[PDB]
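Inspection log for the structure reproduced underneath, given as structure tokens.
Every chain is named by a letter (A, B, C, D, E and F) in the order it is written, and numbering of its residues begins at 1.
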């Protein structure tokens, strides 16, 4: 449910809960909610599941085919435009809370947000999910422009901690992802 | 010469002769002359008949409030491109609610006539368009060809024996630019009276004049506002 | 013979068709040579360039086309057929990746490209894409692979592989060379590729004319060598 | 081309495809009492080629074998068609397709390509076999759409000579091993002198199912079988 | 001489004679060259008036495809117009689908596939055009490509299309092409075009010069050639 | 190049006179790449001629003075690598070899008479290469006749 992406100077840092529920019963307790597309670009999803999974698979197809034909590493804004087109074309049928982030060689770390409608915007931080309203309450209080990697990790840790603590649908376990020029760093925290 | 049957075949000298044959089919039309001043564009054509008693086959036809075309060659393709012309005019007149600039219309004419010149199954259009119009920048006199290589000029003339007309246009294209409507039109028929053999003279019923002006709507004339245009002449220098 | 003037793709008497065996030397109008070698856990492509002009560039004369991140290829013959075949290969590899969820093995790709060329051959009113394609790639549980795809749609794949202009001679040298049972310790492969092209063409030239594409089971990514290390291998075989 | 008959004769473009079949690589196939043996003759041109990539003997289901004598590039096409068709039968009836119904439908496909007028026929003759309902079968087809039923036959180079050996050597009653013995005999009659574990490629059809033999047991058996 | 009718058929020696005949169709066309500098690409076309019937400003072979890409066509003009429309359409799809400027390699490959697709089948003929494609980008530099009638598309520093294809590049290649900015290259192309065919077979010609690079900040347009008037005051000094 | 070999030659004229034949090792890639460049007709052949004649002087000072048969094999390996980076199809650049080996077998003439016949016959088995693989020439192989007469 609750997904989060914060950029910093070197790269970006993502994060999500897992706890995919249906109604009042938890169907699955732990989920890879964030999805690799390319080796340097992620997307994290919310809303309905099958919609975002099918969209992410087709975007993975188109983006991999395009970036192999260029024989160059892809852009992040490219993947954001692809998600924008596929979200906007079937807004009558899809429910996507897709948030695009990823480091780029030309443009560094970027974070794009695509909410349930199909608009595309560049932000420095993003929320997402039904239990994101709360950390959206204080993400304009605790955030400071120009963090380090560890400050972003501690920040999103406190964020997703309180989101999992407060919302009934949110919960489960904390997954993090750190994307920079150096590498891709995933980890599983609790606290 | 056994390669010289279809549009698709390139020649071993590279000149597709179906295009040349369509050019020669254009060369057997009636004579017509179009020329512009800085403010008024005038195109004048020549009529013919099947017999004495019958009426004359018309050449200047209307298109739009500021567009009029002359013609030479086939008439089915003439009316086909006429209907397409009127259609594309009223299309942009509907959508953009403005009169069309002439250059994009003639680019659409070239793109229209491109397809029957490249695929198999249509003939190149035997057509002799002389187009007069008004965009924001004044009169334009364009001509086409069956090879769709449309030209812009300041004074052209196509049809049968139209080369003496071109010599007259050479020796008066400097003089064309300054004058008003009346002597401009009589320069046009001082091209048409050399598009004819010398033993007969241009009468009323065989000539046609279409003026479009920067404030004047495109209008065709026949014999009655042409009886004013036919006086003001001398004889040929015999 | 003909007689029938072999204008379309039909069967002539006794018994062949002449369109495809005219397409087999559309490679020969390329004026170009390609050699592939599989000895061991590596695989090496080598192919020269024919650039007479100083106004012409050097990066965009590349024939090694990285199909996917683990599959490379090289092309000979006419250029348009080759590049269109390459984009068909990329599109169908991406189609594999979309449909089946994992990276395509190099065998199925050659099968699919051969089938496309056969459909272009089976139905008439299309030119049969007169270019030849050599592929390389690493597969788990099978090691490296080297394959060849024909304009006819006859794929095959084998140890020491060569196609282009002068490759009766190249396969004569590769029969006279792949008959001794030594191992092929990757510089044995690079040395035998450079020297087989150096005995077929007999030029013994700068490091700036040939292109070397390698793939190895230590880095399964396809890799194109640089002028420095090409020069290093060339003087390493210089005795 | 393919749309009009001759003044008196036959369909010259099908006769030429049959000639291209007869100009192909030899093969032999024998129906015995319990099983059917197929055997081809697969020579590489050089010493460079690998024998694990291209396969002549090819299964259609788990109990239906199929070889050819012609062109692999068309062979694979009509193989894939027969695959999809047999799986469609098994979708419809939930039962493994009988070989007669396979030969009907494959013959319908080949016949549809012999129809007018832009596509060429296949240069492929099949040898279809399978063990349906106890009694095994053997069905040869051709580019013309026709089909037959054999006890033992051959196709390729010197099929006439191999067939005259088959008429003398073979009979009605054998087992699978004696069938393989006479099959490698009649293929060794016409093939080149160097016949190894890779120049031949043999699959059988027991009633327990189709079985495509390995180079291990092929080299064990043809290590001077007589 | 035996079989050169269809564009699908091969020859007894293995080439398509339709493509050769279409290649030497552009040989009779007007001479068009191009050259890039270290911060831009310069076009130049020897254009001829028929006799006295033109208007000096009609049917300009210097098209303008994208915001930073234009053509320098030579050959059959209407086929080049249609191909320019196809190139505008392809740049339109790319701008609509990815939100940034088309790289010239990808554009050239799509155009080469389109030309090759018109060379393939038997219903249609190959194109009778040969054109130039230039570009500039802040992260890519200057790129000048080249498409033959067959569909072979690769890159150059300088080129020539027309009668004097060799006779231009004989003295194109003696230019110190790297160390010059394009504002010198303007009068350089002027002198190169002015060298070939002053009066010999025809009567008179006329010069057009297109212009893209860093000095236009990534734009592509024709020069104000009347501004700095660089041909004639040097063309009259290039006859001696 | 033309100047590319002129520099090497015009410089090394004393680099080996009294200075040791280590500037040779400092000039081996020099002559190597000079031959590699290889002007069509005569220029780089004249350069290589000057180079191999300086090398004949070096033979006089090392292979004809110290007679190590290891410095002889070193000069032969130098020319060997040089011909490894050179076609020599009688391609107007062979004076690097023809008169070089001519003076080499004249050195041999002075050797069998002066040096022990074993080092000179090693030089001879290397001259076997030099001609039998290096496009055997009549008078060079007349020297071969007299050198197998020397083996006699």
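Note that a residue touches a chain if its C-beta (ideal position, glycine included) is under 8 Å from a C-beta of that chain, and two chains touch if they have at least 3 such contacts.
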Q.
So, comparing each chain's Cα centre against the centre of all protein Cα atoms, which one is closest?
A. C
(Q) What's the distance between the Cα centroids of subunit D and subunit E, rounded to whole Å? (A) 58
Q.
Report the inter-centroid distance (CA atoms only) between subunit B and subunit C in whole Å.
A. 59
**Q.** Where subunit B and subunit F are represented by their mean Cα positions, the distance between them in whole Å
**A.** 86
**Q.** Whole-Å gap separating subunit A and subunit B, where each centre is the average of the chain's CA atoms
**A.** 65
Q: Identify all positions of subunit A at which a residue touches two or more other chains, and write them in rising order.
A: 69
**Q.** For subunit E, residues contacting two or more additional chains
**A.** 123
Q. For subunit C, what residues touch not just one other chain but two or more?
A. 87, 124-125
Q. Which chains are in touch, pair by pair?
A. A-C, A-E, B-E, C-D, C-E, C-F
Q: Sort out for me which residues of subunit D touch subunit C in the complex.
A: 1, 13, 16-17, 19-20, 22-23, 46-50, 53-54, 72-74, 76-77, 118-121, 123
Q) Which of the residues in subunit C come into contact with subunit E in the complex? A) 5-8, 19, 22-23, 25-26, 28-29, 53-57, 60-61, 78-81, 83-84, 87, 124-127, 130
**Q.** subunit B residues within the subunit E interface of the complex
**A.** 3, 8-12, 14, 107, 110-111, 114, 117-120, 147-154, 156, 166, 170, 173
(Q) With touch defined as at the start, can you tell me which subunit F residues reach subunit C in the complex? (A) 80-81, 84-87
Q) In their shared complex, at which residues does subunit C touch subunit A? A) 66-69, 87, 90-91, 93-94, 97-98
